[PDB]
Amino acid sequence: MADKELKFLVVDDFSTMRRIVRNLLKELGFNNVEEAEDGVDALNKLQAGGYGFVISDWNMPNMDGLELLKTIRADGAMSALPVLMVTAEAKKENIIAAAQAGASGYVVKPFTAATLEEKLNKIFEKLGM
């Protein structure tokens with residue numbers, strides 16, 4: 001009812017990844033997820049009000065996941081959003097770039113509710129999520 005109505009965004013390359021993440025989030029205990037077309041759409045979904053998590057791929061057709069991150073990381077507005085990179089991409093430099101950009105966490109396939117809640121509990125105690 002008078003909730004945070006806290007919406008997750010999940011913008012992967014592959015729709016099945018949004019099902020997987022949503023379902024694992026539901027195994028944990030959450031509700032209220034969405035998808036987007038890519039990073040360009042994703043940012044404007046954040047600007048549909050104030051989302052709770054910005055979970056994404058890396059290899060978007062337009063604004064890549066590190067540029068989506070660094071846009072949220074422009075601070076003053078979107079700063080507080082945990083971007084959580086959940087992707088098929090294990091490329092070590094991608095992992096560096098994300099950590100360097102200050103992504104709130106990284107996950108590579110195959111992943112579970114175990115690692116989902118690991119990155120969540122990190123942003124709980126780290127950020128205050």
# chains A, B, ... in the order shown; residues from 1 in each chain; ligands from 1
call {"tool": "select_by_dssp", "arguments": {"residues": "chain A", "states": "alpha helix (DSSP H)", "output": "PDB file with N, CA, C and O atoms, in the first residue's frame"}}
result
ATOM      1  N   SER A  15      16.315 -11.286 -22.904  1.00  0.00           N
ATOM      2  CA  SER A  15      15.103 -11.199 -22.083  1.00  0.00           C
ATOM      3  C   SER A  15      15.067 -12.273 -20.989  1.00  0.00           C
ATOM      4  O   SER A  15      14.701 -11.991 -19.848  1.00  0.00           O
ATOM      5  N   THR A  16      15.487 -13.505 -21.307  1.00  0.00           N
ATOM      6  CA  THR A  16      15.563 -14.614 -20.364  1.00  0.00           C
ATOM      7  C   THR A  16      16.359 -14.225 -19.114  1.00  0.00           C
ATOM      8  O   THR A  16      15.943 -14.581 -18.015  1.00  0.00           O
ATOM      9  N   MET A  17      17.431 -13.443 -19.232  1.00  0.00           N
ATOM     10  CA  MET A  17      18.192 -12.951 -18.094  1.00  0.00           C
ATOM     11  C   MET A  17      17.286 -12.132 -17.163  1.00  0.00           C
ATOM     12  O   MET A  17      17.325 -12.334 -15.950  1.00  0.00           O
ATOM     13  N   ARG A  18      16.392 -11.283 -17.700  1.00  0.00           N
ATOM     14  CA  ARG A  18      15.435 -10.542 -16.874  1.00  0.00           C
ATOM     15  C   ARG A  18      14.490 -11.498 -16.163  1.00  0.00           C
ATOM     16  O   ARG A  18      14.182 -11.264 -14.996  1.00  0.00           O
ATOM     17  N   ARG A  19      14.035 -12.576 -16.814  1.00  0.00           N
ATOM     18  CA  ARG A  19      13.215 -13.584 -16.134  1.00  0.00           C
ATOM     19  C   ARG A  19      14.008 -14.223 -15.006  1.00  0.00           C
ATOM     20  O   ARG A  19      13.475 -14.334 -13.903  1.00  0.00           O
ATOM     21  N   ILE A  20      15.242 -14.646 -15.279  1.00  0.00           N
ATOM     22  CA  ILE A  20      16.112 -15.321 -14.335  1.00  0.00           C
ATOM     23  C   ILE A  20      16.300 -14.429 -13.110  1.00  0.00           C
ATOM     24  O   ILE A  20      15.949 -14.858 -12.013  1.00  0.00           O
ATOM     25  N   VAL A  21      16.806 -13.207 -13.281  1.00  0.00           N
ATOM     26  CA  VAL A  21      17.037 -12.254 -12.201  1.00  0.00           C
ATOM     27  C   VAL A  21      15.738 -12.007 -11.437  1.00  0.00           C
ATOM     28  O   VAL A  21      15.736 -12.132 -10.216  1.00  0.00           O
ATOM     29  N   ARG A  22      14.633 -11.692 -12.125  1.00  0.00           N
ATOM     30  CA  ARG A  22      13.334 -11.478 -11.489  1.00  0.00           C
ATOM     31  C   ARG A  22      12.959 -12.679 -10.626  1.00  0.00           C
ATOM     32  O   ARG A  22      12.532 -12.498  -9.492  1.00  0.00           O
ATOM     33  N   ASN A  23      13.074 -13.889 -11.167  1.00  0.00           N
ATOM     34  CA  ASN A  23      12.680 -15.100 -10.466  1.00  0.00           C
ATOM     35  C   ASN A  23      13.563 -15.295  -9.242  1.00  0.00           C
ATOM     36  O   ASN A  23      13.030 -15.528  -8.170  1.00  0.00           O
ATOM     37  N   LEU A  24      14.887 -15.143  -9.357  1.00  0.00           N
ATOM     38  CA  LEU A  24      15.816 -15.268  -8.228  1.00  0.00           C
ATOM     39  C   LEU A  24      15.516 -14.204  -7.165  1.00  0.00           C
ATOM     40  O   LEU A  24      15.541 -14.497  -5.975  1.00  0.00           O
ATOM     41  N   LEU A  25      15.202 -12.973  -7.575  1.00  0.00           N
ATOM     42  CA  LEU A  25      14.756 -11.910  -6.679  1.00  0.00           C
ATOM     43  C   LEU A  25      13.463 -12.305  -5.969  1.00  0.00           C
ATOM     44  O   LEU A  25      13.292 -11.994  -4.792  1.00  0.00           O
ATOM     45  N   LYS A  26      12.553 -12.992  -6.657  1.00  0.00           N
ATOM     46  CA  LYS A  26      11.332 -13.525  -6.074  1.00  0.00           C
ATOM     47  C   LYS A  26      11.612 -14.697  -5.136  1.00  0.00           C
ATOM     48  O   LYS A  26      10.930 -14.791  -4.117  1.00  0.00           O
ATOM     49  N   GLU A  27      12.600 -15.550  -5.422  1.00  0.00           N
ATOM     50  CA  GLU A  27      13.044 -16.598  -4.505  1.00  0.00           C
ATOM     51  C   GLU A  27      13.532 -15.949  -3.209  1.00  0.00           C
ATOM     52  O   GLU A  27      13.227 -16.443  -2.124  1.00  0.00           O
ATOM     53  N   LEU A  28      14.281 -14.843  -3.306  1.00  0.00           N
ATOM     54  CA  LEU A  28      14.736 -14.079  -2.148  1.00  0.00           C
ATOM     55  C   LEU A  28      13.535 -13.480  -1.417  1.00  0.00           C
ATOM     56  O   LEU A  28      13.352 -13.771  -0.233  1.00  0.00           O
ATOM     57  N   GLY A  39      20.417   0.664 -22.429  1.00  0.00           N
ATOM     58  CA  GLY A  39      20.899   1.813 -21.667  1.00  0.00           C
ATOM     59  C   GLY A  39      20.221   3.160 -21.974  1.00  0.00           C
ATOM     60  O   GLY A  39      19.931   3.912 -21.034  1.00  0.00           O
ATOM     61  N   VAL A  40      19.979   3.511 -23.242  1.00  0.00           N
ATOM     62  CA  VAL A  40      19.305   4.770 -23.588  1.00  0.00           C
ATOM     63  C   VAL A  40      17.901   4.772 -22.985  1.00  0.00           C
ATOM     64  O   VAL A  40      17.497   5.743 -22.338  1.00  0.00           O
ATOM     65  N   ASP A  41      17.162   3.681 -23.159  1.00  0.00           N
ATOM     66  CA  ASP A  41      15.842   3.540 -22.563  1.00  0.00           C
ATOM     67  C   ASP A  41      15.941   3.418 -21.039  1.00  0.00           C
ATOM     68  O   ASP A  41      15.130   3.992 -20.317  1.00  0.00           O
ATOM     69  N   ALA A  42      16.968   2.727 -20.530  1.00  0.00           N
ATOM     70  CA  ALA A  42      17.151   2.393 -19.134  1.00  0.00           C
ATOM     71  C   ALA A  42      17.206   3.659 -18.306  1.00  0.00           C
ATOM     72  O   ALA A  42      16.462   3.785 -17.338  1.00  0.00           O
ATOM     73  N   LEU A  43      18.068   4.599 -18.699  1.00  0.00           N
ATOM     74  CA  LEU A  43      18.245   5.855 -17.982  1.00  0.00           C
ATOM     75  C   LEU A  43      16.913   6.598 -17.862  1.00  0.00           C
ATOM     76  O   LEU A  43      16.540   7.095 -16.797  1.00  0.00           O
ATOM     77  N   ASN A  44      16.158   6.625 -18.958  1.00  0.00           N
ATOM     78  CA  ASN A  44      14.867   7.286 -19.007  1.00  0.00           C
ATOM     79  C   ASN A  44      13.792   6.530 -18.216  1.00  0.00           C
ATOM     80  O   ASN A  44      12.838   7.146 -17.744  1.00  0.00           O
ATOM     81  N   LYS A  45      13.936   5.213 -18.015  1.00  0.00           N
ATOM     82  CA  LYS A  45      13.137   4.449 -17.051  1.00  0.00           C
ATOM     83  C   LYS A  45      13.470   4.914 -15.638  1.00  0.00           C
ATOM     84  O   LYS A  45      12.541   5.106 -14.867  1.00  0.00           O
ATOM     85  N   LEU A  46      14.741   5.153 -15.287  1.00  0.00           N
ATOM     86  CA  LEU A  46      15.098   5.693 -13.959  1.00  0.00           C
ATOM     87  C   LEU A  46      14.338   7.002 -13.754  1.00  0.00           C
ATOM     88  O   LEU A  46      13.678   7.199 -12.732  1.00  0.00           O
ATOM     89  N   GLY A  65      26.938  -0.572 -21.029  1.00  0.00           N
ATOM     90  CA  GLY A  65      26.562  -0.654 -19.625  1.00  0.00           C
ATOM     91  C   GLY A  65      27.472   0.177 -18.728  1.00  0.00           C
ATOM     92  O   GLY A  65      27.044   0.593 -17.647  1.00  0.00           O
ATOM     93  N   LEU A  66      28.713   0.425 -19.158  1.00  0.00           N
ATOM     94  CA  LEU A  66      29.682   1.222 -18.422  1.00  0.00           C
ATOM     95  C   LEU A  66      29.376   2.706 -18.598  1.00  0.00           C
ATOM     96  O   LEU A  66      29.534   3.472 -17.652  1.00  0.00           O
ATOM     97  N   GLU A  67      28.888   3.114 -19.769  1.00  0.00           N
ATOM     98  CA  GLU A  67      28.412   4.469 -20.029  1.00  0.00           C
ATOM     99  C   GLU A  67      27.086   4.735 -19.303  1.00  0.00           C
ATOM    100  O   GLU A  67      26.894   5.835 -18.777  1.00  0.00           O
ATOM    101  N   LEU A  68      26.184   3.746 -19.223  1.00  0.00           N
ATOM    102  CA  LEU A  68      24.961   3.836 -18.419  1.00  0.00           C
ATOM    103  C   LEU A  68      25.333   4.068 -16.954  1.00  0.00           C
ATOM    104  O   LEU A  68      24.842   5.019 -16.339  1.00  0.00           O
ATOM    105  N   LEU A  69      26.239   3.236 -16.419  1.00  0.00           N
ATOM    106  CA  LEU A  69      26.809   3.397 -15.087  1.00  0.00           C
ATOM    107  C   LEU A  69      27.357   4.804 -14.959  1.00  0.00           C
ATOM    108  O   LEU A  69      26.878   5.547 -14.112  1.00  0.00           O
ATOM    109  N   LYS A  70      28.333   5.202 -15.778  1.00  0.00           N
ATOM    110  CA  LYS A  70      28.989   6.495 -15.608  1.00  0.00           C
ATOM    111  C   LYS A  70      28.026   7.674 -15.750  1.00  0.00           C
ATOM    112  O   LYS A  70      28.268   8.694 -15.104  1.00  0.00           O
ATOM    113  N   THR A  71      26.921   7.537 -16.484  1.00  0.00           N
ATOM    114  CA  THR A  71      25.857   8.529 -16.502  1.00  0.00           C
ATOM    115  C   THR A  71      25.158   8.603 -15.144  1.00  0.00           C
ATOM    116  O   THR A  71      24.999   9.699 -14.610  1.00  0.00           O
ATOM    117  N   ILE A  72      24.766   7.477 -14.547  1.00  0.00           N
ATOM    118  CA  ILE A  72      24.156   7.473 -13.213  1.00  0.00           C
ATOM    119  C   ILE A  72      25.180   8.060 -12.212  1.00  0.00           C
ATOM    120  O   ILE A  72      24.848   8.889 -11.361  1.00  0.00           O
ATOM    121  N   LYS A  92      37.807  -9.687 -18.300  1.00  0.00           N
ATOM    122  CA  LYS A  92      38.476  -9.140 -17.125  1.00  0.00           C
ATOM    123  C   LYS A  92      38.503  -7.621 -17.192  1.00  0.00           C
ATOM    124  O   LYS A  92      38.186  -6.999 -16.186  1.00  0.00           O
ATOM    125  N   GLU A  93      38.824  -7.009 -18.336  1.00  0.00           N
ATOM    126  CA  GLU A  93      38.862  -5.551 -18.394  1.00  0.00           C
ATOM    127  C   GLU A  93      37.475  -4.955 -18.141  1.00  0.00           C
ATOM    128  O   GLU A  93      37.397  -3.931 -17.480  1.00  0.00           O
ATOM    129  N   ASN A  94      36.390  -5.620 -18.561  1.00  0.00           N
ATOM    130  CA  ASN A  94      35.028  -5.196 -18.214  1.00  0.00           C
ATOM    131  C   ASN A  94      34.881  -5.161 -16.695  1.00  0.00           C
ATOM    132  O   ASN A  94      34.359  -4.192 -16.145  1.00  0.00           O
ATOM    133  N   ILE A  95      35.332  -6.222 -16.010  1.00  0.00           N
ATOM    134  CA  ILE A  95      35.273  -6.260 -14.547  1.00  0.00           C
ATOM    135  C   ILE A  95      36.057  -5.074 -13.953  1.00  0.00           C
ATOM    136  O   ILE A  95      35.547  -4.450 -13.012  1.00  0.00           O
ATOM    137  N   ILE A  96      37.269  -4.778 -14.446  1.00  0.00           N
ATOM    138  CA  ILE A  96      38.070  -3.644 -13.974  1.00  0.00           C
ATOM    139  C   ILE A  96      37.272  -2.372 -14.211  1.00  0.00           C
ATOM    140  O   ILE A  96      37.027  -1.648 -13.254  1.00  0.00           O
ATOM    141  N   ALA A  97      36.868  -2.109 -15.452  1.00  0.00           N
ATOM    142  CA  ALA A  97      36.167  -0.907 -15.855  1.00  0.00           C
ATOM    143  C   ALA A  97      34.974  -0.664 -14.940  1.00  0.00           C
ATOM    144  O   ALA A  97      34.807   0.449 -14.453  1.00  0.00           O
ATOM    145  N   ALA A  98      34.170  -1.695 -14.664  1.00  0.00           N
ATOM    146  CA  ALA A  98      33.031  -1.607 -13.765  1.00  0.00           C
ATOM    147  C   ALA A  98      33.448  -1.220 -12.349  1.00  0.00           C
ATOM    148  O   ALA A  98      32.851  -0.321 -11.753  1.00  0.00           O
ATOM    149  N   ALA A  99      34.432  -1.924 -11.780  1.00  0.00           N
ATOM    150  CA  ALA A  99      34.903  -1.648 -10.430  1.00  0.00           C
ATOM    151  C   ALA A  99      35.453  -0.221 -10.339  1.00  0.00           C
ATOM    152  O   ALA A  99      35.109   0.513  -9.414  1.00  0.00           O
ATOM    153  N   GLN A 100      36.248   0.190 -11.326  1.00  0.00           N
ATOM    154  CA  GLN A 100      36.820   1.519 -11.459  1.00  0.00           C
ATOM    155  C   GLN A 100      35.734   2.581 -11.597  1.00  0.00           C
ATOM    156  O   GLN A 100      35.791   3.593 -10.904  1.00  0.00           O
ATOM    157  N   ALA A 101      34.731   2.362 -12.449  1.00  0.00           N
ATOM    158  CA  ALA A 101      33.585   3.241 -12.590  1.00  0.00           C
ATOM    159  C   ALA A 101      32.754   3.329 -11.308  1.00  0.00           C
ATOM    160  O   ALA A 101      31.962   4.258 -11.186  1.00  0.00           O
ATOM    161  N   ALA A 113      20.558 -16.812  -6.686  1.00  0.00           N
ATOM    162  CA  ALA A 113      20.033 -15.995  -5.610  1.00  0.00           C
ATOM    163  C   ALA A 113      21.120 -15.774  -4.560  1.00  0.00           C
ATOM    164  O   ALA A 113      21.194 -14.682  -4.012  1.00  0.00           O
ATOM    165  N   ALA A 114      22.001 -16.760  -4.352  1.00  0.00           N
ATOM    166  CA  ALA A 114      23.146 -16.673  -3.459  1.00  0.00           C
ATOM    167  C   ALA A 114      24.016 -15.461  -3.790  1.00  0.00           C
ATOM    168  O   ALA A 114      24.287 -14.658  -2.896  1.00  0.00           O
ATOM    169  N   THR A 115      24.470 -15.317  -5.042  1.00  0.00           N
ATOM    170  CA  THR A 115      25.305 -14.175  -5.396  1.00  0.00           C
ATOM    171  C   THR A 115      24.453 -12.907  -5.537  1.00  0.00           C
ATOM    172  O   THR A 115      24.935 -11.828  -5.203  1.00  0.00           O
ATOM    173  N   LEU A 116      23.188 -13.009  -5.973  1.00  0.00           N
ATOM    174  CA  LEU A 116      22.285 -11.859  -6.045  1.00  0.00           C
ATOM    175  C   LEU A 116      22.229 -11.222  -4.648  1.00  0.00           C
ATOM    176  O   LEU A 116      22.578 -10.050  -4.492  1.00  0.00           O
ATOM    177  N   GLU A 117      21.864 -11.991  -3.616  1.00  0.00           N
ATOM    178  CA  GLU A 117      21.771 -11.478  -2.256  1.00  0.00           C
ATOM    179  C   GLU A 117      23.134 -11.080  -1.687  1.00  0.00           C
ATOM    180  O   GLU A 117      23.191 -10.295  -0.746  1.00  0.00           O
ATOM    181  N   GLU A 118      24.238 -11.593  -2.224  1.00  0.00           N
ATOM    182  CA  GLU A 118      25.579 -11.195  -1.821  1.00  0.00           C
ATOM    183  C   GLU A 118      25.838  -9.757  -2.261  1.00  0.00           C
ATOM    184  O   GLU A 118      26.299  -8.930  -1.471  1.00  0.00           O
ATOM    185  N   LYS A 119      25.532  -9.433  -3.524  1.00  0.00           N
ATOM    186  CA  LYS A 119      25.694  -8.064  -3.998  1.00  0.00           C
ATOM    187  C   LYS A 119      24.664  -7.160  -3.320  1.00  0.00           C
ATOM    188  O   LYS A 119      25.036  -6.053  -2.942  1.00  0.00           O
ATOM    189  N   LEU A 120      23.422  -7.625  -3.106  1.00  0.00           N
ATOM    190  CA  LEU A 120      22.411  -6.867  -2.361  1.00  0.00           C
ATOM    191  C   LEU A 120      22.921  -6.542  -0.965  1.00  0.00           C
ATOM    192  O   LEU A 120      22.915  -5.384  -0.575  1.00  0.00           O
ATOM    193  N   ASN A 121      23.347  -7.541  -0.189  1.00  0.00           N
ATOM    194  CA  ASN A 121      23.746  -7.305   1.194  1.00  0.00           C
ATOM    195  C   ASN A 121      24.994  -6.421   1.254  1.00  0.00           C
ATOM    196  O   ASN A 121      25.132  -5.615   2.175  1.00  0.00           O
ATOM    197  N   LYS A 122      25.870  -6.494   0.242  1.00  0.00           N
ATOM    198  CA  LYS A 122      26.914  -5.490   0.060  1.00  0.00           C
ATOM    199  C   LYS A 122      26.316  -4.096  -0.028  1.00  0.00           C
ATOM    200  O   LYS A 122      26.691  -3.264   0.785  1.00  0.00           O
ATOM    201  N   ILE A 123      25.419  -3.799  -0.967  1.00  0.00           N
ATOM    202  CA  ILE A 123      24.859  -2.447  -1.069  1.00  0.00           C
ATOM    203  C   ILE A 123      23.959  -2.065   0.111  1.00  0.00           C
ATOM    204  O   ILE A 123      23.836  -0.870   0.391  1.00  0.00           O
ATOM    205  N   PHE A 124      23.392  -3.033   0.838  1.00  0.00           N
ATOM    206  CA  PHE A 124      22.733  -2.767   2.107  1.00  0.00           C
ATOM    207  C   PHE A 124      23.760  -2.113   3.018  1.00  0.00           C
ATOM    208  O   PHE A 124      23.634  -0.941   3.346  1.00  0.00           O
ATOM    209  N   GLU A 125      24.814  -2.835   3.388  1.00  0.00           N
ATOM    210  CA  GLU A 125      25.696  -2.347   4.437  1.00  0.00           C
ATOM    211  C   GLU A 125      26.624  -1.235   3.941  1.00  0.00           C
ATOM    212  O   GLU A 125      26.998  -0.357   4.719  1.00  0.00           O
ATOM    213  N   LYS A 126      27.002  -1.256   2.659  1.00  0.00           N
ATOM    214  CA  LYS A 126      27.887  -0.275   2.047  1.00  0.00           C
ATOM    215  C   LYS A 126      27.152   1.052   1.904  1.00  0.00           C
ATOM    216  O   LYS A 126      27.570   2.036   2.518  1.00  0.00           O
ATOM    217  N   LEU A 127      26.143   1.099   1.027  1.00  0.00           N
ATOM    218  CA  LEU A 127      25.424   2.313   0.665  1.00  0.00           C
ATOM    219  C   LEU A 127      24.399   2.702   1.726  1.00  0.00           C
ATOM    220  O   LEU A 127      24.123   3.893   1.874  1.00  0.00           O
TER     221      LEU A 127
END
call {"tool": "atom_distance", "arguments": {"atom1": "CA of residue 73 (chain A)", "atom2": "CA of residue 110 (chain A)"}}
result
27.1 Å
call {"tool": "select_by_dssp", "arguments": {"residues": "chain A", "states": "strand (DSSP E or B)", "output": "list in words"}}
result
residues 8, 9, 10, 11, 33, 34, 53, 54, 55, 56, 83, 84, 85, 86, 87, 105, 106, 107 and 108 of chain A
call {"tool": "residues_around", "arguments": {"residues": "residue 35 (chain A)", "least_positions_apart": "4", "cutoff": "6 Å", "atoms": "only C-alpha atoms", "output": "PyMOL selection string"}}
result
chain A and resi 9-11
